[PDB]
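Q: Please see the structure below; I have some questions.
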Amino acid sequence: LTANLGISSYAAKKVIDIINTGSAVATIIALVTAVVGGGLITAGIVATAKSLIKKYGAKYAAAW
């Protein structure tokens, strides 16, 4: 997340919590956008990020 979005690790970890907690993609997008203050985390980012945390893990996606 940090690498692709160009955000801090703080924000990335925050995104992680949201993508981890939220279920519906649209629901997550709205929450992440509210937290990071940018429309950077789109459906594509959400879908990818949750899939990365599934395989590689939360900490992986944080770096991604």
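Residues in the structure tokens are numbered from 1 in each chain, the chains being A, B, ... in the order shown, and ligands are numbered from 1 in the order shown.
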Just the residues within 12 Å of residue 11 in chain A, please, counting only C-alpha atoms, with nothing from its chain fewer than 4 positions along; format it as a PDB file with N, CA, C and O atoms, in the first residue's frame.

A:
```
ATOM      1  N   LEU A   1       0.833  -1.189   0.000  1.00  0.00           N
ATOM      2  CA  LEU A   1       0.000   0.000   0.000  1.00  0.00           C
ATOM      3  C   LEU A   1       0.865   1.235   0.000  1.00  0.00           C
ATOM      4  O   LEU A   1       0.716   2.100  -0.847  1.00  0.00           O
ATOM      5  N   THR A   2       1.802   1.279   0.918  1.00  0.00           N
ATOM      6  CA  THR A   2       2.709   2.397   1.055  1.00  0.00           C
ATOM      7  C   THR A   2       3.455   2.672  -0.254  1.00  0.00           C
ATOM      8  O   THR A   2       3.534   3.830  -0.695  1.00  0.00           O
ATOM      9  N   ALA A   3       3.929   1.617  -0.876  1.00  0.00           N
ATOM     10  CA  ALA A   3       4.688   1.699  -2.111  1.00  0.00           C
ATOM     11  C   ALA A   3       3.833   2.171  -3.293  1.00  0.00           C
ATOM     12  O   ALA A   3       4.229   3.062  -4.039  1.00  0.00           O
ATOM     13  N   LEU A   5       0.586   3.429  -3.248  1.00  0.00           N
ATOM     14  CA  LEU A   5      -0.233   4.596  -3.006  1.00  0.00           C
ATOM     15  C   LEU A   5       0.633   5.781  -2.671  1.00  0.00           C
ATOM     16  O   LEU A   5       0.243   6.923  -2.899  1.00  0.00           O
ATOM     17  N   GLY A   6       1.806   5.514  -2.114  1.00  0.00           N
ATOM     18  CA  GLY A   6       2.705   6.590  -1.768  1.00  0.00           C
ATOM     19  C   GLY A   6       2.269   7.230  -0.486  1.00  0.00           C
ATOM     20  O   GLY A   6       2.241   8.459  -0.362  1.00  0.00           O
ATOM     21  N   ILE A   7       1.903   6.403   0.455  1.00  0.00           N
ATOM     22  CA  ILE A   7       1.399   6.876   1.729  1.00  0.00           C
ATOM     23  C   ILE A   7       2.325   6.444   2.839  1.00  0.00           C
ATOM     24  O   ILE A   7       3.256   5.686   2.600  1.00  0.00           O
ATOM     25  N   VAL A  15      -5.246   1.683   6.768  1.00  0.00           N
ATOM     26  CA  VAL A  15      -5.950   1.080   5.625  1.00  0.00           C
ATOM     27  C   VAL A  15      -6.137  -0.415   5.870  1.00  0.00           C
ATOM     28  O   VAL A  15      -7.224  -0.956   5.640  1.00  0.00           O
ATOM     29  N   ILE A  16      -5.074  -1.065   6.366  1.00  0.00           N
ATOM     30  CA  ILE A  16      -5.086  -2.488   6.692  1.00  0.00           C
ATOM     31  C   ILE A  16      -6.229  -2.828   7.621  1.00  0.00           C
ATOM     32  O   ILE A  16      -6.965  -3.768   7.370  1.00  0.00           O
ATOM     33  N   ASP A  17      -6.390  -2.047   8.673  1.00  0.00           N
ATOM     34  CA  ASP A  17      -7.464  -2.287   9.635  1.00  0.00           C
ATOM     35  C   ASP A  17      -8.816  -2.199   8.963  1.00  0.00           C
ATOM     36  O   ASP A  17      -9.678  -3.032   9.173  1.00  0.00           O
ATOM     37  N   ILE A  18      -8.967  -1.242   8.096  1.00  0.00           N
ATOM     38  CA  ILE A  18     -10.238  -1.007   7.438  1.00  0.00           C
ATOM     39  C   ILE A  18     -10.552  -2.124   6.438  1.00  0.00           C
ATOM     40  O   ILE A  18     -11.623  -2.715   6.489  1.00  0.00           O
ATOM     41  N   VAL A  32     -12.016   3.889   3.849  1.00  0.00           N
ATOM     42  CA  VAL A  32     -10.597   4.149   3.643  1.00  0.00           C
ATOM     43  C   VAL A  32     -10.393   5.570   3.140  1.00  0.00           C
ATOM     44  O   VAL A  32      -9.510   6.286   3.620  1.00  0.00           O
ATOM     45  N   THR A  33     -11.245   5.991   2.217  1.00  0.00           N
ATOM     46  CA  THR A  33     -11.172   7.327   1.647  1.00  0.00           C
ATOM     47  C   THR A  33     -11.389   8.388   2.738  1.00  0.00           C
ATOM     48  O   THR A  33     -10.744   9.440   2.734  1.00  0.00           O
ATOM     49  N   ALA A  34     -12.234   8.063   3.708  1.00  0.00           N
ATOM     50  CA  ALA A  34     -12.523   8.968   4.805  1.00  0.00           C
ATOM     51  C   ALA A  34     -11.329   9.078   5.750  1.00  0.00           C
ATOM     52  O   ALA A  34     -11.092  10.121   6.347  1.00  0.00           O
ATOM     53  N   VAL A  35     -10.572   8.018   5.854  1.00  0.00           N
ATOM     54  CA  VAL A  35      -9.438   7.979   6.744  1.00  0.00           C
ATOM     55  C   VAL A  35      -8.200   8.584   6.110  1.00  0.00           C
ATOM     56  O   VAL A  35      -7.536   9.420   6.721  1.00  0.00           O
ATOM     57  N   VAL A  36      -7.931   8.240   4.872  1.00  0.00           N
ATOM     58  CA  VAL A  36      -6.698   8.710   4.252  1.00  0.00           C
ATOM     59  C   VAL A  36      -6.881  10.094   3.662  1.00  0.00           C
ATOM     60  O   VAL A  36      -5.908  10.849   3.511  1.00  0.00           O
ATOM     61  N   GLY A  37      -8.123  10.442   3.373  1.00  0.00           N
ATOM     62  CA  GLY A  37      -8.418  11.746   2.834  1.00  0.00           C
ATOM     63  C   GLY A  37      -8.003  11.851   1.405  1.00  0.00           C
ATOM     64  O   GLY A  37      -7.403  12.842   0.979  1.00  0.00           O
ATOM     65  N   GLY A  38      -8.304  10.833   0.683  1.00  0.00           N
ATOM     66  CA  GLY A  38      -7.973  10.769  -0.702  1.00  0.00           C
ATOM     67  C   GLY A  38      -8.622   9.583  -1.339  1.00  0.00           C
ATOM     68  O   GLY A  38      -8.828   8.567  -0.681  1.00  0.00           O
ATOM     69  N   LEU A  40      -7.480   7.550  -3.308  1.00  0.00           N
ATOM     70  CA  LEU A  40      -6.398   6.713  -3.769  1.00  0.00           C
ATOM     71  C   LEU A  40      -6.782   5.245  -3.660  1.00  0.00           C
ATOM     72  O   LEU A  40      -6.590   4.459  -4.600  1.00  0.00           O
ATOM     73  N   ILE A  41      -7.329   4.869  -2.532  1.00  0.00           N
ATOM     74  CA  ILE A  41      -7.748   3.517  -2.364  1.00  0.00           C
ATOM     75  C   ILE A  41      -9.105   3.333  -3.019  1.00  0.00           C
ATOM     76  O   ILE A  41     -10.148   3.708  -2.471  1.00  0.00           O
ATOM     77  N   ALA A  61       0.697  -6.207   2.822  1.00  0.00           N
ATOM     78  CA  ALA A  61      -0.105  -5.237   2.143  1.00  0.00           C
ATOM     79  C   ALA A  61       0.201  -3.859   2.631  1.00  0.00           C
ATOM     80  O   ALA A  61       0.131  -2.938   1.874  1.00  0.00           O
ATOM     81  N   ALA A  62       0.565  -3.733   3.902  1.00  0.00           N
ATOM     82  CA  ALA A  62       0.971  -2.449   4.459  1.00  0.00           C
ATOM     83  C   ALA A  62       2.134  -1.872   3.649  1.00  0.00           C
ATOM     84  O   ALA A  62       2.101  -0.708   3.233  1.00  0.00           O
ATOM     85  N   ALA A  63       3.128  -2.709   3.373  1.00  0.00           N
ATOM     86  CA  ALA A  63       4.277  -2.282   2.582  1.00  0.00           C
ATOM     87  C   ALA A  63       3.861  -2.017   1.129  1.00  0.00           C
ATOM     88  O   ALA A  63       4.282  -1.024   0.517  1.00  0.00           O
TER      89      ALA A  63
END
```

Q: Taking only C-alpha atoms into account, which of A:27, A:42, A:8, A:20 comes nearest residue 57 in chain A?

A: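 With only C-alpha atoms as the atom set, the closest residue is A:20.
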
Q: Could you tell me, as a VMD selection string, which residues of chain A DSSP assigns to helix (DSSP H, G or I) when given the backbone?

A: chain A and resid 2 to 6 9 to 21 25 to 36 43 to 55 58 to 63

Q: Please measure the separation of CA of residue 64 in chain A and CA of residue 26 in chain A, giving the value in Å to one decimal.

A: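 It comes out at 20.6 Å.
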
Q: Which of these, A:29, A:22, A:9, A:43, has the shortest distance to residue 60 in chain A once you count only C-alpha atoms?

A: A:9

Q: Suppose you want the space between CA of residue 30 in chain A and CA of residue 47 in chain A; what is it in Å?

A: 13.4 Å
